[PDB]
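Undergrad: Protein chains in written order, with our numbering: chain A, 1 to 326; chain B, 1001 to 1060; chain C, 2001 to 2223; chain D, 3001 to 3339.
We treat Cβ as the ideally placed atom computed from N, Cα and C, and that holds for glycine.
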Ligand SMILES: *C/C=C(C)/C=C/C=C(C)/C=C/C1=C(C)CCCC1(C)C
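Take a look at the structure:
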């Protein structure tokens, strides 16, 4: 049988022996041993201490001079600023509840943490999509005499903001419910529970049809046209060695980018399709936090593949990190 | 004909014109430059400041 | 507020003309002597459709060009060439029949050492270092007159060691591309042509589309 | 065959006039003026920042209204605006596409430009609505122009790439007179405050003066180890300042043939682009290649003020005659108005 439910919470264990009390009050050590809890706390503290200075430093580097803020690095600055929501709201709270007791905030606190911890992930995802579509439009030249400007980039940043907000807020009232699920540390979304009063089936089918299949198809389309265009361009000018360096550079970076996006937002879609494909399935409580781990690691290795390994940022930000050497 | 054996004749005619010009009194001309600049430098609008009144560059 | 509304209308007109101006590829031509300027300017403008600086303008295959000339206002070189930085493709010109040019205005100056002394004064000049060079070389039918002896060791030391066209023309192109610094990332896209040829504008279009795909990726930071 | 003897005759009389200007041979003015006090620190902040251009800009010139600035962008726009409401008053296209100089009118009526193509184009701005008609076009050269200055509403004076200088009248369309006899190429000039003279600087540091009615040369001033780029004088007509490409701003007097003051400094390493005195003349204004319009005093050779307006190199500047303001021109379209 699936897990047991209270008024406004779900838990992935059975009520066979009658031991699981409310997940807001008196402590729990009967769904997981305490060394698991403290190891989770240590992992999130490590993630805080590494993930704050990368975003703080790229904000300082883009506020120092304006040789760098261009009509195109707006989207990537938005990716730099969305991640500090996930490191500032959605991580210290998990550290707090993992350390002392468990989740002593309250249901309004969960309904706040869920919003501030899904907004960052959603802005990250749609900003990766917008970045891919900007790159394909400005390099492969699909349109008859369309150059690039400033109004279009501010349009794109407003686009990713309105999509992430209007499709991560209707969970707050109506269409879904915020639940603390897993090891009762962070509130996620209610994709697991079968609660039929809150129309939950519509939310899972809507999220899978808008937030994972069309972003994946548009990333594949854009980067495929990009690698085909650069390959066919360097096919012509044979003996020019610099574009023979360029071909290998772009066909390594596209592969590493697509694999980074897929292993940062696959396992959520994995457990959702597995839950929907077998109505009625039992799971361990440690099993439904590995998608949270595989998602929140994109608070560190998502900027390091778009900022540091990117050109034009690194050689300036290192020499205004300590201004000593490379 | 073009410039070569003509520019030198023009230059030595210029230099023969130049030798007849008298000049001295470098200390006197430096004093005169001194008292000309210090005669008016007190009422200069750039050396002292702006009392927010007539300079037509208020911050608006 | 009539003055302010007038300035707003003028500002809209100015920015409209600026975004109209931005979609062109400003090329810069140069080259000393009688080095095929007449042929390369005839073979550019009107053949496809069947004392200051001379601005000839042409367009072909959905990309509108514009090129200038520096051939009529000779002066001190190092003072106005900075006003051309930021153009994309510095078209050079050199004449392949330069072996027989005994003089131009002096008593003894070969034309080959002159154009080499001009070409070194650009690739190291610190105003032109991130702009590629589309070299040319023409009058090849007169260079096909090397069947009669006219040995290549007159304007060189004994290097080519051959007489036919297939080995000599390979030696001159290496002699230019070795004088290149290769300081930063730029590369020189040579060619070969004559007078009665055609469709070499296809070559300069296929070249200039490779300082756009190769260049835009630097701005995105991908390459 | 014989002109080597002419050179040998010239050399000893050149040394003769060298010791003739070493007859007085007093030092610079800082050696005598120990009594005076320094000007003290002086600081300016940006009051208004202009906007509207896209390209680099080269030159500007204050009007005699002390209210109107003109400027010349690289694409072909010649802009003429106010400095009170910060809004554009006219916008002129060019039949050419380059600029290297500009000039306003002492009558405050109409302007003149002309760049690499060897043309001085005078544009009327009096009776036409909007885009104004090209009033006159004046050829007569085979080299690039360098600077134009109005001396009345009638005659202009120009200095071109053909190692000449020429005084023209504009309703006849020809040269009234020439000013030849100059080895290197000229670079700038400025009109003496009583419309009689203009000092002229060139490649080989040979700053020479001229007079208009006689139409011949007057004197020589050679005091620099390299090329110069801009010259102007003191407003009461006694002395003129000069700046070179190796940070050697110097100052001469019109009747002394002597380096009256050097303003060199040990730190600065890159050249200048423009120099203009202020109204009082207590301080010399200048702009260098290291992005700075650092302003010297004019009496005791000290870096009085340092102001870094913008990131690229300054191109040209120049004060207003009533001295209330200072304009400067960037290389990236921002026209700062310091106070
Ligand atoms: C702290 C938690 C984070 C950042 C997790 C956020 C997860 C989502 C916004 C999930 C989205 C989807 C689901 C509802 C399940 C299937 C996969 C998605 C992406 C469609």
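Give a yes or no on whether the minimum CB-CB distance between residue 149 of chain A and chain C is below 9 angstroms.
TA: Taking Cβ atoms only, chain C reaches closer than 9 angstroms to residue 149 of chain A, which makes this a yes.
Undergrad: Could you tell me if residue 2138 of chain C is buried or exposed, where buried requires 16 or more neighbouring beta carbons within 10 angstroms of its beta carbon?
TA: buried
Undergrad: Compute the Euclidean distance between the alpha carbons of residue 2200 of chain C and residue 2206 of chain C, then round it to the nearest angstrom.
TA: 10 angstroms
Undergrad: For the segment 3099–3106 of chain D against the segment 3056–3063 of chain D, do three or more pairs of beta-carbon atoms, one drawn from each stretch, fall closer than 8 angstroms, so that the two count as touching?
TA: yes
Undergrad: Got a sec: which bits of the segment 3280–3300 of chain D sit with their beta carbon under 9 angstroms from any beta carbon on chain B, in order along the chain?
TA: Cβ contacts with chain B come from 3280, 3281, 3282, 3283, 3298, 3299.
Undergrad: Around the Cβ of residue 132 of chain A, are there at least 16 other Cβ atoms within 10 angstroms (buried) or fewer (exposed)?
TA: buried
Undergrad: Smallest Cα separation from residue 3174 of chain D: which of D:3098, D:3127, D:3199, D:3120?
TA: Of the candidates D:3098, D:3127, D:3199, D:3120, the one whose C-alpha sits nearest the C-alpha of residue 3174 of chain D is D:3120.
Undergrad: Does at least one heavy atom of ligand 1 sit under 8 angstroms from the Cβ of residue 195 of chain A?
TA: no
Undergrad: Determine the chain A residues that contact residue 2092 of chain C at a beta-carbon separation under 9 angstroms, and present them in chain order.
TA: By Cβ distance, chain A contributes nothing, its closest Cβ being about 16 angstroms from residue 2092 of chain C, past 9 angstroms.
Undergrad: Please identify, using Cβ separations under 8 angstroms, the residues of the segment 312–326 of chain A that lie next to chain C, in order along the chain.
TA: 312, 313
Undergrad: With distances taken Cα to Cα, identify the nearest neighbour of residue 3156 of chain D among D:3299, D:3089, D:3122.
TA: For the set D:3299, D:3089, D:3122, the Cα lying nearest the Cα of residue 3156 of chain D is the one of D:3122.
Undergrad: Can you pull the chain C neighbours of residue 3091 of chain D, defined as C-beta to C-beta under 8 angstroms?
TA: The answer, in chain order, is 2010, 2013, 2014.
Undergrad: Using 8 angstroms as the cut-off, classify the Cβ of residue 103 of chain A as near or not near the heavy atoms of ligand 1, replying yes or no.
TA: no
Undergrad: Beta-carbon separation of residue 1034 of chain B and residue 3257 of chain D under 9 angstroms?
TA: Between residue 1034 of chain B and residue 3257 of chain D, the C-beta spacing is not below 9 angstroms.
Undergrad: So what does DSSP say about residue 1027 of chain B, is it helix, strand or coil?
TA: Residue state, collapsed to three classes: helix.
Undergrad: Below 6 angstroms CB to CB, which residues in the same chain sit around residue 3279 of chain D once its five sequence neighbours on both sides are set aside?
TA: 3323
Undergrad: Below 8 angstroms, is the gap between the Cβ of residue 229 of chain A and the nearest heavy atom of ligand 1?
TA: no
Undergrad: Anyone know if the C-beta pair for residue 3235 of chain D and residue 3287 of chain D falls short of 9 angstroms?
TA: No. Outside cutoff.
Undergrad: So, using beta-carbon positions, are residue 95 of chain A and residue 41 of chain A closer together than 9 angstroms?
TA: The Cβ atoms of residue 95 of chain A and residue 41 of chain A lie closer than 9 angstroms to each other.
Undergrad: What does DSSP give as the partner residue(s) for residue 3190 of chain D in the beta ladder?
TA: D:3199
Undergrad: Pull the bridge partners of residue 3321 of chain D from the DSSP assignment, please.
TA: Answer by DSSP bridge pairing: none, since residue 3321 of chain D is not bridged.
Undergrad: Do we get a CB-CB distance below 9 angstroms when we pair residue 1032 of chain B with the residues of chain D?
TA: For residue 1032 of chain B, a Cβ of chain D is located within less than 9 angstroms of the residue's own Cβ.
Undergrad: What residues does ligand 1 have around it, judged by CB closer than 7 angstroms to any heavy atom, in chain order?
TA: A:86, A:90, A:117, A:118, A:120, A:121, A:122, A:168, A:186, A:188, A:189, A:191, A:204, A:207, A:208, A:211, A:212, A:265, A:268, A:269, A:272, A:292, A:295, A:296
Undergrad: Mind checking the segment 3108–3135 of chain D against chain C and listing, in chain order, the residues whose C-beta falls within less than 8 angstroms of any C-beta there?
TA: 3116, 3117, 3118, 3119
Undergrad: For residue 3296 of chain D, name the three-state secondary structure that DSSP assigns.
TA: Strand at residue 3296 of chain D.
Undergrad: Between the segment 254–263 of chain A and the segment 299–306 of chain A, do at least 3 Cβ pairs fall closer than 8 angstroms?
TA: yes
Undergrad: Below 8 angstroms between beta carbons is the criterion; list the residues of the segment 224–254 of chain A that meet it against any residue of chain C, in chain order.
TA: 229, 230, 233, 236, 237, 240, 241, 242, 243, 246, 249, 250, 253
Undergrad: Please classify residue 2139 of chain C: does DSSP put it in a helix, a strand, or coil?
TA: coil
Undergrad: Closer than 6 angstroms by C-beta to residue 313 of chain A: which residues in its own chain qualify, once you throw out the five before and the five after it? Chain order, please.
TA: 307
Undergrad: In whole angstroms, what is the alpha-carbon distance linking residue 198 of chain A and residue 55 of chain A?
TA: 37 angstroms
Undergrad: Answer yes if the segment 279–290 of chain A comes into contact with the segment 2178–2198 of chain C, meaning at least three C-beta pairs across the two stretches below 8 angstroms, and no otherwise.
TA: no
Undergrad: If you measure between the beta carbons of residue 2095 of chain C and residue 2145 of chain C, is that distance less than 9 angstroms?
TA: no
Undergrad: Ordered along the chain, which non-local residues of its own chain (more than five positions away) have a Cβ less than 6 angstroms from that of residue 52 of chain A?
TA: 87
Undergrad: Can you say whether residue 179 of chain A is buried or exposed, counting buried as having 16 or more other CB atoms within 10 angstroms of its CB?
TA: buried
Undergrad: Taking Cβ-Cβ distances shorter than 7 angstroms, what residues in chain D pair up with residue 1044 of chain B?
TA: In chain order: 3279, 3280, 3282, 3323.
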